[PDB]
Amino acid sequence: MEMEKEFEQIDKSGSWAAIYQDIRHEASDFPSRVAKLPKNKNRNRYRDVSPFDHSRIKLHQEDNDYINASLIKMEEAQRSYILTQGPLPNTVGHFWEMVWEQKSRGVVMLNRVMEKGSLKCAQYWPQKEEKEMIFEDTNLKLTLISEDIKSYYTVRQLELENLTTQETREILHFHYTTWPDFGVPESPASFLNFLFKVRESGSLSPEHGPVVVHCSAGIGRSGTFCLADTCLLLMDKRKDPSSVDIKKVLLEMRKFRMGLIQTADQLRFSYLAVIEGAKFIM
Ligand SMILES: c1cnc(Oc2ccc(-c3cc[nH]n3)cc2)nc1
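Per PDB author numbering, the very first residue in the sequence shown carries number 1; after that it's consecutive.
Rendered as structure tokens:
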């Protein structure tokens, strides 16, 4: 079926939970043996969110190459993404090592450091220009260059220096700061505006490594971001845009990382965002 009228049909019939459970039943199951090794327990935020072995990002290190991160490669759309968990106190150095090694330009953050009165990820970037951060385990330095605070999000320019080689690179940090503590946003308009800002920066483009996108677990809000981006790109590429099937795209993405889209409300919100974004395109 088309998207906008499939949508009304699920609203009127109140069957979003049944649609979402079908997805969960059909989703791929692949091994995640490296994630579950005992030496990697303190590298995982949640015991039930792990990268598949076949798509995990490897750190370029001979001691321990593990990080909870997955490469989502979308072949028809010609977009790739790295989805990862919010860094832990003992993995902040690994996080920036990955950014360096994978040649990423942009980092997309979809959570606040504290939500619901608990810590959802580490404070892994500097807050003041004059107070830079040094990660000694991976030999990197990170400096805040500038910061632009808007009503729904904040953009930061960062400098990442590899202290072994004295090379430097400019990283863009795109921080969506207004996703509610419970549920999903009432309108997709600010989330779509945010996506377009990321696009406009070049951070999604083939001349760079894959964007790094995270929330707390790196599957819910993160899955919403890449699912919408990919669907909109396909609607621009194809002769028949009504042939884009959001459930089929989601299942393709779940071949690369488990659990993408965590609730039926996130599924419905993803539909809404794609429907509204297609118009604005023309
Ligand atoms: C340079 C300096 N310090 C570090 O390590 C840590 C950084 C932040 C936290 C933290 C505290 C509450 N939320 N996040 C923990 C450890 N890494 C590089």
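In this text, a Cβ means the ideal position worked out from N, Cα and C, and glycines have one as well.
Does the beta carbon of residue i fall short of 6 Å from some heavy atom of ligand 1?
i	result
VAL92	yes
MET98	no
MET133	yes
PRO89	yes
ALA273	no
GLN123	yes
Quick one: residues in its chain with C-beta nearer than 8 Å to the C-beta of residue i, no 5 flanking neighbours on either side, listed in chain order?
i	result
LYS36	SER50
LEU140	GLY93, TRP96, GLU97, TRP100, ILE134, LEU160, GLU161, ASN162, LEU163
Of the choices the options, whose alpha-carbon is the least far from that of residue i?
i	options	result
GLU8	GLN21, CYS231, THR263, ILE275	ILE275
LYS116	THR84, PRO180, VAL92, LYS73	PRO180
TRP100	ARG199, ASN162, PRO241, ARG33	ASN162
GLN21	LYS247, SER270, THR84	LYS247
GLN61	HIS175, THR138, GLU6, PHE52	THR138
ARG56	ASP48, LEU83, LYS39, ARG79	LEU83
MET114	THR178, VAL184, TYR81, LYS39	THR178
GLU129	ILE149, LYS150, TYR153, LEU142	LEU142
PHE52	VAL34, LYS39, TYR176	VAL34
Measuring only the C-alpha atoms, how far is residue i from residue j?
i	j	result
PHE30	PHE256	9 Å
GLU97	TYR46	21 Å
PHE191	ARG24	25 Å
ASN111	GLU167	30 Å
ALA264	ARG221	12 Å
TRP16	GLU6	11 Å
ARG43	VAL108	20 Å
Within the same chain, show all residues whose beta-carbon is closer than 7 Å to that of residue i, passing over the 5 residues directly before and after it, in chain order.
i	result
residue 284	The chain is shown only over 1 to 282; residue 284 falls outside these bounds and no answer can be derived.
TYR124	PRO87, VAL92, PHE95
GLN262	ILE219, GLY220
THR230	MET74, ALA77, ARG79, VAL249
Identify, in the order they occur along the chain, each residue of the same chain with its Cβ nearer than 6 Å to the Cβ of residue i, setting aside the five sequence neighbours on each side.
i	result
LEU267	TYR20, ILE261
Residue ranges of each beta strand (DSSP E) within the stretch 198-257, 3 or longer: 211-214
Whole beta strand (DSSP E) elements within the stretch 37-119, 3-residue minimum: 69-74, 79-84, 106-109
Which complete beta strand (DSSP E) runs does the stretch 112-194 hold, if anything under 3 residues is left out? 133-135, 140-149, 153-162, 167-176
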